[PDB]
Amino acid sequence: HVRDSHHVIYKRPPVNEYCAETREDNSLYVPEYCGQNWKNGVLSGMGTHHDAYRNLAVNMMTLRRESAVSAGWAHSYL
Amino acid sequence: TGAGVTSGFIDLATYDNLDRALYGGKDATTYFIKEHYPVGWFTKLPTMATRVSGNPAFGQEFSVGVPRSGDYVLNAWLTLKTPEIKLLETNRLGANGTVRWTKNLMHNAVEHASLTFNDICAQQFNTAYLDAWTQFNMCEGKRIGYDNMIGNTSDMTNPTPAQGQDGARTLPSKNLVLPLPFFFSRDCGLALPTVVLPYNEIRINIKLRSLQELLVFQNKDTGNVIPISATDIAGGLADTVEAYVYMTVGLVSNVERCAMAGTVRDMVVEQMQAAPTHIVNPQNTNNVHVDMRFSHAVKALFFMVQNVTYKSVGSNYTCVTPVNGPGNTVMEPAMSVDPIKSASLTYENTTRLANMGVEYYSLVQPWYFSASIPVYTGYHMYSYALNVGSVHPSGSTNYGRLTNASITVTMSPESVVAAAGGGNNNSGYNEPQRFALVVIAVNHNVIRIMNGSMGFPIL
Amino acid sequence: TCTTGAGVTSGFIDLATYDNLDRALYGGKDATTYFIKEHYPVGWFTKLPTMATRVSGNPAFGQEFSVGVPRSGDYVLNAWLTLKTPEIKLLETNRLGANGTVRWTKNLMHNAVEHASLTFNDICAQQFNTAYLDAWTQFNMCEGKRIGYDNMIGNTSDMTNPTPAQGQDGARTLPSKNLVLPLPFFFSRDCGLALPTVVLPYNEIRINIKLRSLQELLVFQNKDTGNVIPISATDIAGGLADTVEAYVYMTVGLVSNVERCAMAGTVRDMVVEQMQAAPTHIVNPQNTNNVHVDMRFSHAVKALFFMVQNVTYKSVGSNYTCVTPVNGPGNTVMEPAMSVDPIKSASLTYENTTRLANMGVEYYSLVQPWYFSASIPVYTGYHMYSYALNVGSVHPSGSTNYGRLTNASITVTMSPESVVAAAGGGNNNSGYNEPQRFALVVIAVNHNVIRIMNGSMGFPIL
Amino acid sequence: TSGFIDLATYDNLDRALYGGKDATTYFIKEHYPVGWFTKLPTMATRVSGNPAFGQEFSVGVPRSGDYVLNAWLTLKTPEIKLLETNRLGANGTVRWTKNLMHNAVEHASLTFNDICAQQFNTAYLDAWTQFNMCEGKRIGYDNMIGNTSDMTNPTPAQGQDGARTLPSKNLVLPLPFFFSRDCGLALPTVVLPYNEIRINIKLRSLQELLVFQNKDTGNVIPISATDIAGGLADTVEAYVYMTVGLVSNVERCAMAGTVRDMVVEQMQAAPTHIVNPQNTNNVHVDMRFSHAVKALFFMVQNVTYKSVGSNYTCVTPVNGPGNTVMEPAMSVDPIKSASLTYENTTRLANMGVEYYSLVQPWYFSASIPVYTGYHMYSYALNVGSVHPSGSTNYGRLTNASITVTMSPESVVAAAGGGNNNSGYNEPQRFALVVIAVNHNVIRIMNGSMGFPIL
Amino acid sequence: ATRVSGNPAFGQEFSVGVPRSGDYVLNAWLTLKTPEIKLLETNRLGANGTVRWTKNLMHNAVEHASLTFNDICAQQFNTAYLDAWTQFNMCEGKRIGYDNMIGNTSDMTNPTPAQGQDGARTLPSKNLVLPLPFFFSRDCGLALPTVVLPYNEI
Amino acid sequence: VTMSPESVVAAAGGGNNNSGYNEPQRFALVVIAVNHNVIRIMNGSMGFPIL
């Protein structure tokens, strides 16, 4: 007698997957049985998300302004 | 000459009971000391809009998918490159003929512009809503910017004669930009949780009108309008067009995104409703009563009468079509008054608002309950809310449990005489005119974001 | 056509960019964030416009009439006056003959309206006039609405365009349409200030409006020499209909039953703004060029608006320049060759100890409006000095009360253009062909407190 | 009574929106007390130099108040009379340059004691007043700084039919400073007894302040004293005014003896870059800003003639019938596209000029420029707001660049060959200028001010 | 590989998505059928006119060919890059075959006079194939992990 | 880049029939570069870390 149109599958691709927690890669990356299709129909469309890339960028930057002065001094100038 | 800074002490010495009541106190907030509070860390940048079906073309509907993988979407606009127009001497009108872009090139050829979540239409607007909103809520200082962005820059709308005449100028092919007014674009507080919506495919559908009606072909002398054809101009009518859609996305902090992840959120949104247009013939009767059927809590009403005599001319809410004037410029005929003379609202045969004058809706209502006043004839509005532009809710009456309501409009003798022909040369109403009543309603709704999707709980 | 570097990943550099200054300006557990708007419920109410009934007198030019505030509502927060202007039809039998044109005076509204007052039982709350209306509409006008306002109060290039007699090329007749004028009152100043009519019973509320004679509304301008003479009924066709169709409308709002019951039977204190106009001081620049005017005000004044007004011809109004306007080419009024504000400098004095030195006129003309107002006037004149940071703000700001202050005076030094225009000798269409006279008007805006209690109103401060 | 029908309708949506015991109500405005104070204008003592065109003079701001919250400069213009003995002869007109004020002012600095606090110049003034100018005051602004169709209109020689002379009327210019930006930001003079706040203004020579145009060929040559009547006066009359407010004794005593932190907006101007479109169609400019930049205004200025100023169009204005100044038909912005590069990756692609011209001002500013040029990009939602918003700290960033692709009309204007009154009758030279607006923090303690972060 | 945007036409662009439900992608080529060309005696030059296809027909009509990853330009190339790469990295033995695929057959690049002249030859309509040089096609050891990447549309 | 006498004489026209430079010739210098990059695969997505 009532209806909503949000979703029906719960937490298999958990919504909070982009944060730092336990992973669930053992299910949606491999078909369960031979002949099963691939699980990417709506999940595709969100590229380069997840905080891992942002944290990697922050770690790479860290101190580039102060570390760029020397850089190749130990490699080129004799 | 003067006492300098010392003159302030005699003013400070003045202090009585009224000044104790207004100023003073142990908790009075003082100026010159602005308290500072931190704000969230974020960034923003523009982005393409991905194409999902075909290519843009005139008179066709094309869809574009919203670029996900951001965090919030709060801005979208459409860029369109206008073609090149070169009138020829082989046209039917010959010497007595000019071609010019229609008034408001933008807001035209953009109709039934719709935003759909997954496969459910969430919003849709068109020319009448765009024109009314722009005329009623145009912040000053940006008016010149808007009339340069959307056309009407005294170059597209200036008639150009054929090649054999003195005026052989060509309409420049300059790109134009049109912002898309959506619920997320209304305010920065309302932004689409793109990172929180992984289970939806957001699309925007835009229907470009045919190029034939976009061009006005005006007779130089008698002021008559005939449809354009590919043989009239050089090159031809290119159905395909070169257009893109640009969007602005934003990125926020990981702590904020993880804190707000996995929770149910309620949002208040605004969208329009459009009643079907009614063809009006003032020759028979000058009084027209039209039933109003709207669903949710309406906030504003914009009712206009549009001259629909010629398809080429658009956004002509006057009673007389414009005609070519001296100096190769469009000149507004002197006899041109808005056909609406009076209007009233009726609630199940109980007149809530009496037969007020047209000037009331034209001037008094915008003066008190809007941020701008229209600079063109027409554009009649009634608002149930103190401030139309304010996204925060204000006074409004819901039509869901409201019974049948009607709007009654009484026309003018100018409209009555303009409906019939008999006009002389360069008078606009040389040919009989036709009018269409159009009504637009603006209301409120609630959208719930939960489980990585969206829906309407109230419906 | 895509560019390799372009994309969303480019914002990761900006996100990674973070230092001590960044963490001081942004960040924090309690730091608020954008893209999220807090929603709070508001009151439930509705509004609708209603006709205001007439009590005393009838609408007629040169007469005064009163309009009662309707009952059965809860709060009134608006007021405007609509008037149906008559039809003008010049005749060739007029005194000036061919060399004569007729047009409406500049600013048709703010004219034929004066002594507009609001009264509770028998006390006046506030009263404005043409000079205050002009100053307010020139200093606190939100842009974008200027075109609509200049379309609703006249000056639409049709009322003010001279029309020659029927025997000349210009046979245009002045249109007979309706014009609307909002009434600036303390309840119309802000939504938060509204009359609690529900808890103000048996205390009649009246709005008194006095119009002007029709003679002082039409400018009968000579075509050639630019001379103005009073109009007569026989000059134009039809006549001069003294009676006019003028109505008063206002907006009333209804609130919820629980809110009305809660607000019933409580004391209410409101902060309002009133105006005081000093008596006009006739100035003769031929004798002396310096004029001192003493001001006697009572409460905490917010600003002083002053201007010297040309008063040579009583028909033409809202002419604060030094030279009267004259007819021009194309049947359009044109500003004369030379026209500047007669005031050259001004100063203030509090029993010596001059507070404000003899500063330039351009100061009051431009600098003060640029800093402490919402707009800048587009016409010459209308000088203002504001004691407060914001003139238009309803909330009180810096001000001083003249009750505890000793005698205060304002000194004005005129200009050589004014002193040379005071005498005649000008040639045709010079504007100052006839000798000219000027008058000085001073208006102050002050604060006040109104207390509503036990179904009565008054000023506790007194 | 008809309103009761509307009031009766009350659904679940209306219950969610309105209603509730804690819901706020209109028609009832809460009132709170404010501080007791007063304000009045004051003079400004002169400490060094004399007001003269082309010279630099310094003014000490008057302390001994409580809060200085404004600043502006007033100047008296000279009287211009064109003679018949000028070099151009009969075919010659003299007129004041467009935007008389916002010119004759460069390196306008506010310095504390002997350390510079901030500075601005003509480019920053033009950008700010073209991007953050609220309407209604626009007429007052472009009337108080010249641009009144009298200073800027051409006038022929005395012997010609046009005997009009340029009027000598005073002009006023507000000085955009951090304390003048917002009322909440004011200099705590009562808290700063040791600092000696000073303001330095450098004027411009009258040679480049006057435009000497040719009626026929539309050429510009520098003016000379002997060309005009009465010569030119090096000295000029000018003052500096500011508004000082006083506070209550109890409030000032309570506030005295404490540490305070303030947020201010500075200006950073990258060095100008000479552009020769005849050789290359792309120009790259390196940005070396330090603090958290909030906005960037970049524009190309025609620099053919020193007399004409604030001209950001590929073709200089010329004379026009009726003794007016007009721009020719080929008068458009020379910039065709622009892009930004952050250490080998492009944050913004080669997106169109109309974007920066219209779209960015439409969404992230209080006004849209009415002239050609004036390209901007803002990292914040609201540029005019003084509260901190979105910004990027260039201090932690490595080298960044901006690339501008020019336009074919600019290229063709760079070469001469145009006919009379075409504007580009002579080869044209262009200069790219970039200005950055950022944030900073100022700490007030121990009767002194400084930058804790610096 | 199914196309998703636009239609194949001269002067326009079309986007083709990498097929899903796979494990690896290690190749890509584009096939196109040339139209029929026949000179007419009523041409502008009359009898003094010949028509022929341009040298290196392929590597032409394919400009700004780009690979993108769901929001960003992964890479792109055009005619000059294709010509330089094929001239400087050509494995001999396959040179004749690659030339045959791209054109240069002396049947499309040989000019033909009008139908009224001695040479009535008509250019044939034979389909041609062009490999797409991508980073996953350069080496076998570099392949696109379609199964591992479900959040992107290549 | 330094041009050649053949190039500077072919730029100007005047060539006879079938010489290939009957009309004046125009030239454009084109420069292209081939470089390196690094891509990262993680969390079911790919991107450029160094950028």
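S.K.: Can you lay out the overall build of chain C for me, pointing to particular residues and giving the numbers?
M.R.: On a plain count of helices and strands, chain C comes out with 8 helices and 26 strands. Projected onto its principal axes, the C-alpha positions of chain C cover 85 × 70 × 65 Å. For chain C, the share of sequence-separated contacts (at least 6 apart) that also reach a separation of at least 24 residues comes to 77%.

S.K.: Let's hear about the interface of chain D and chain B: which residues, and what values?
M.R.: Contact with chain D, which involves 62 residues of that partner, is made by 66 residues of chain B. Both faces considered, chain D and chain B share a buried interface measuring about 5,900 Å² in area, 67% of it formed by carbon and sulfur atoms. On the chain D side of the contact with chain B, D:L13, D:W36 and D:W362 bury the most area, a combined 13% of that side's loss. At the junction of chain D with chain B, the criterion picks out 2 salt bridges. Here D:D6 and B:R352 are joined by a salt bridge, their closest N and O atoms 2.6 Å apart. Here chain D is connected to chain B by 19 residue pairs in polar contact.

S.K.: Tell me about the sheet that holds strand β20 (residues 335–342) of chain D, and name the residues and values.
M.R.: Residues and elements named next belong to chain D. Strand order in the open sheet formed by 4 strands is β16-β24-β20-β21, with antiparallel pairing between adjacent strands. At either margin of the open sheet sits one strand with a lone partner, and together these are β16 (282–287) and β21 (345–352). The mean inter-strand angle of the sheet, taken between neighbouring strand axes irrespective of direction, is 15 degrees. Both β20 and strand β24 (residues 400–406) contribute to a ladder of 7 bridges, which runs antiparallel.

S.K.: Mind laying out the UniProt feature "domain: Major capsid protein N-terminal" (unreviewed entry) in chain C, listing which residues take part and the relevant values?
M.R.: UniProt's feature table lists "domain: Major capsid protein N-terminal" (unreviewed entry) at residues 33–248 of chain C, given in the numbering used throughout. Secondary structure across residues 33–248 of chain C divides into 10% helix and 27% strand, with the first and last C-alpha atoms of the span separated by 48 Å.

S.K.: Describe the UniProt feature "domain: Major capsid protein C-terminal" (unreviewed entry) in chain D, and please don't skip the residues or the numbers.
M.R.: With numbering matched to this structure, UniProt assigns "domain: Major capsid protein C-terminal" (unreviewed entry) to residues 251–450 of chain D. Helix makes up 12% of residues 251–450 of chain D and strand 42%, with an end-to-end C-alpha separation of 24 Å.

S.K.: How would you sum up the nonpolar core? Please name residues and give values.
M.R.: Among the nonpolar cores identified, the biggest contains 141 residues, and B:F302, D:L296 and D:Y394 are the most heavily contacted of them. Other than its neighbours up to four places away in sequence, D:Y394 contacts A:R65, D:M287, D:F289, D:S290, D:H291, D:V293, D:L296, D:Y342 and D:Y379. Judged by nonpolar contacts, the second largest core, of 125 residues, contains C:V323, C:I376, D:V68 and D:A108.

S.K.: Tell me what's going on with the arrangement of the chains, and back it up with residues and numbers.
M.R.: Separated in space, chain D and chain E share no contact, their closest pair of C-alpha atoms being 11 Å apart. At no point do chain B and chain F touch; the closest pair of C-alpha atoms across them sits 11 Å apart.

S.K.: Outline the pattern of salt bridges, listing residues and values.
M.R.: Enumeration over the complete set of coordinates arrives at 40 salt bridges over all chains. Of the charged contacts, one joins B:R401 and D:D11 as a salt bridge, the two residues approaching to 2.4 Å between their closest N and O atoms. Of this pair, B:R401 sits in the loop between β22 (397–398) and β23 (405–410) while D:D11 sits in the loop between α1 (3–8) and α2 (12–17), each in a different chain. The partly exposed category is assigned to D:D11, whose relative accessible area is 25%. Of the charged contacts in the structure, one is a salt bridge between C:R206 and C:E204, with a shortest N-O distance of 3.1 Å. Accessibility expressed as a relative area gives 36% for C:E204, which makes it partly exposed. A cluster of three or more residues bridged by salt bridges with shared partners is formed by A:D51, B:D71 and B:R257.

S.K.: Give me the UniProt feature "domain: Major capsid protein N-terminal" (unreviewed entry) in chain D: which residues, what numbers.
M.R.: The feature "domain: Major capsid protein N-terminal" (unreviewed entry), as given by UniProt, occupies residues 25–240 of chain D in the numbering adopted here. When the span residues 25–240 of chain D is considered, its composition is 12% helix and 28% strand, and the gap between its end C-alpha atoms is 48 Å.

S.K.: Please give an account of unusual backbone geometry that cites residues and values.
M.R.: In this model, B:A109 sits at a positive phi of 60 degrees, which is unusual for a non-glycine residue. Structurally, the position occupied by B:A109 is in the loop between β5 (98–101) and β6 (111–117). Residue C:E351 is not a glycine yet carries a positive backbone phi of 45 degrees. On the secondary structure map, C:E351 appears in the loop between β20 (343–350) and β21 (356–360). The class for C:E351 is partly exposed, based on a relative accessible area of 43%.

Basis of the calculations
Residues numbered from 1 in each chain as written, not as in the entry; some residues may be left out. Chains lettered and ligands numbered in written order. Part of a larger assembly, values for the part shown. Heavy atoms only, no water. Residues with missing side-chain atoms left out of burial classes, pairs and counts. Helix = DSSP H or I, 4+ residues; strand = E, 2+ residues; numbered from the N terminus. Contact = heavy atoms within 4.5 Å. Buried area = accessible area lost by both parts, 1.4 Å probe. Salt bridge = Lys/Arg side-chain N within 4 Å of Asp/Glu carboxyl O. Polar contact = N/O pair within 3.5 Å; in protein donor to acceptor, adjacent residues only side chain to side chain. Pairing = 2+ DSSP bridges. Axes fitted to C-alpha atoms, helices over the stretch in contact; angles between N-to-C directions. UniProt positions renumbered as here; feature names shortened; annotations may be inferred. Core = buried A, V, L, I, M, F, W, Y, C linked by side-chain atoms within 4.5 Å. Buried < 20%, exposed > 50% of the residue type's maximum accessible area, 1.4 Å probe, protein only.

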